[PDB]
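Notes follow the structure.
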Amino acid sequence: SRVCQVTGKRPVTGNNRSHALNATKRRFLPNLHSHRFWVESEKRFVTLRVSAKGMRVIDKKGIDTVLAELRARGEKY
Amino acid sequence: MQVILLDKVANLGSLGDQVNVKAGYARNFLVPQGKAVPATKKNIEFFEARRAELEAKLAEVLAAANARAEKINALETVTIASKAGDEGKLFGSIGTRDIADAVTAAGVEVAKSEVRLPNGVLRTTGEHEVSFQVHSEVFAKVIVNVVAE
RNA sequence: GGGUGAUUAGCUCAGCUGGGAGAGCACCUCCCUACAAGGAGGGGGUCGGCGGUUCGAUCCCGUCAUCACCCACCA
RNA sequence: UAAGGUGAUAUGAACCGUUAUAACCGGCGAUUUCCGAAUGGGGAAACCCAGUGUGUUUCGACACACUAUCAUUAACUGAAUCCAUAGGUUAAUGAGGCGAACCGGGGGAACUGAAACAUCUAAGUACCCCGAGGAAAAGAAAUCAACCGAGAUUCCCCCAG
RNA sequence: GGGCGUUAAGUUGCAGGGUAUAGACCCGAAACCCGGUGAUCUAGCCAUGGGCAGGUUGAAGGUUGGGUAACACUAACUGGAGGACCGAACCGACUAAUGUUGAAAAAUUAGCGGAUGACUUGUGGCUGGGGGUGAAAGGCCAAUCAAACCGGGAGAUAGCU
RNA sequence: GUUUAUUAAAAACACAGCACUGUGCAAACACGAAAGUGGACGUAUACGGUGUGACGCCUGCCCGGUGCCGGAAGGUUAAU
RNA sequence: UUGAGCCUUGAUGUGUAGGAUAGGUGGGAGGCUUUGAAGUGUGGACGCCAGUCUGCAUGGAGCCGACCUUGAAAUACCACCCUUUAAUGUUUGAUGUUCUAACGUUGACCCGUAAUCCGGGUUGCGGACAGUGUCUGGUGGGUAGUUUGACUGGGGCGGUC
RNA sequence: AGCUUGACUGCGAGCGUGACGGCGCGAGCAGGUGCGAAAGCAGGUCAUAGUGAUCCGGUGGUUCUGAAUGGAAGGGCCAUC
């Protein structure tokens, strides 16, 4: 599934409800674009899977626990 | 977004001055192209308490010539090796560590070009005046081997 | 067998909230020259039959006469 | 713990004991083939075939040992490539497959009811997908409450029809 | 003025009749949705390998003699084209026949149609159930079919036999 | 030549061909939301979709409807 | 270039009649021009032909005013507001143009890798489009869910509720 | 013809009809009045067809309500659409 690695953003519950008033499912997802950036603890530029607003979380939130949680789940960057 | 300028870019500020720019232009050009750096209420030392005091002494108190002015300042012939063909094909002289140099340095290893050619496409032998324009305060020029013999 | 709609100027046809009739093309007379043609002038209505509703009925309603058309419909 | 026993079809045959190896029961371990996670490398269920070492003689070869990948971390090495990164070679720890329930999250109907149907009903119910622990999950108020007060959460009964 | 009210006692346990909801009365549709099986049948594609006794037309192509401006012509020599002639295998399934709790869950007989071809076919692989595959018939898919088979929702629901 | 295997072998189906049309190659397009793969590793004398069906001689009328292509101003008209 | 928006600072502001270019709306004597006043008319731009000007020749704070005279209104020196103008800072649309730096490569070649997929690099070219998403208008029996009555000496046709 | 607009407001001994929904009729009391000399009649027309529920919604009125306290949105009531 397409998920954001820094925020943990997942698929959502949601319906059509317009034309008709129906509870019909449509499958709702975060739109991925990625970001290629620097963290100073890795001796390299890093490309990480991010979606809308996820790059603006990296801008001003501390991520070293998530960089460790990805590794605690074995996920690659 | 607060940034410090490291190159001649934009009309606002100058080299070593802190300026405010849109986060968009600070994301696609200025930071990834190395032309500027963030300030973060912390990085405001990056030039003024790190780069600006040796600037007044290096070649006028501690020594008499700057780090490449002790190597070249007049018109020099290129010293990096060259070899051309019978149809005048130059077979190089334009790649990051094979392009024209006149100072014959040793023990050092380079990854990007610093010079401006008179034409950004060069395949054949001839006369070429090559310029060193990496910083607007500085100018040096060299001439290539016209036969690459 | 059953059904749709019409009937008014020679022919095509208008005119339904229910208010005593009108056009086109012919035609008739005349002009031009002899007819085709061109032009000018002019015309008259059983506005289906008999009943009913109405002040008033071709006009709304019934029913007969007529025409053209539709149709004779499951096993 | 005992003077009698050595599984069943099951006879048949032969022995083992009285006191420590008769028989056997409890605990904690040792040993633990091939296939199966199944994993040195391969396979169409028990078959096929290597790598790296150690040891030794008469050295046309045995005996014994170690070895999936992935992840975390370190070491050693190391492409384009300078610093570096992958890739390369190891080590330490960890998942992986399984009986049962309880149980956490995900994907999620149709039947049926509206005495036809379309929001609604039915129903987060079944079936499915992943998965943990002695329980899972709950949790220490930007919370209720109505000016009086209570002071994390769970379970049982009310609150409620 | 009018209407409704100010004297009938309910409540709790058992015994019973009814009602609602429970499988709600017993057996019982077609059908729907979900989770699977089957492509050794049969269809089609992919790859790799088979089958076609024998007889016919002797053409086409090849080449040289005469010869023309130039061939087509004229005269010999040579030679093996077919969704061609006919006919077993084999395949087809047009007509006749036997069979119908069959020898056969359409098979067996004879005539007939094809018979190097758009022919016929062995082994594997690929495609599947609201899904496949079709020189098409909404034909066929392991004896079952305009939704096969198996397991669940589910003792579904049925003003009905 | 094909077909309702098992009541229809046909006039239906198929076909060189004929017509109408899509497609500039990361083609059009398919199944999958994608991952890929096929078309095709072909390139408008190639490939896709559809109809029509040897050949000969010929082939009138219609843009009201339904779909397409172009014209591009304007109208009805969304989020904003 | 043109819409929606701003007020920041220098300039701009006159028919008639008149000394005479009084913007509007209010103050009132000593205050000021610095990218400004002259020379002032040769050439050019305007004009009510009265006057106004960039530039160039040319210069740097003078000088001017109330009484008076014209005139709704007054003539130093001036706050604020408007019109005409220009530039500066500056939020946000419409349309077209440029660049390179997001994005792209099913462009070249380089390496892991004597790999077809991949990743990153070197280097070009496309280029803020295309792409990807959210909202939104159309188009969509290609596919899908669902409805379309009862009466009748039997239906239809007719007539009926 | 003259005036009048009762094409009434709050009610009601109650009553005929029908399984019910529903329809149809009304003695008689009072409010505010009209015709008339007055009684009396007028509760629309001589009697019988011209339209039927529940729901959301339109309009104006409303200390009946309104959600911790005070408004207001919302609810009801009255009148009509």
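Looking at the header, which is where the method is noted, we find electron microscopy, 9.0 Å.
Cβ coordinates come from backbone N, Cα and C, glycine included.
Of the candidates B:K35, B:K41, B:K71, Swiss-Prot marks one as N6-succinyllysine, and that one is B:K71. Of all the modified residues listed here (B:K83, B:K89, B:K112), B:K112 has the Cα closest to the Cα of B:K71 (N6-succinyllysine).
Of all the modified residues given, namely B:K71, B:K83, B:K89, B:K112, the one with the smallest number of surrounding CB atoms inside 10 A is B:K112.
Reduced to three states, the DSSP call for B:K89 (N6-acetyllysine) is strand. Here the Cα atom of B:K83 (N6-succinyllysine) is found 22 Å from that of B:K112 (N6-succinyllysine).
The separation of B:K112 (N6-succinyllysine) from B:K89 (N6-acetyllysine), Cα to Cα, is 23 Å.
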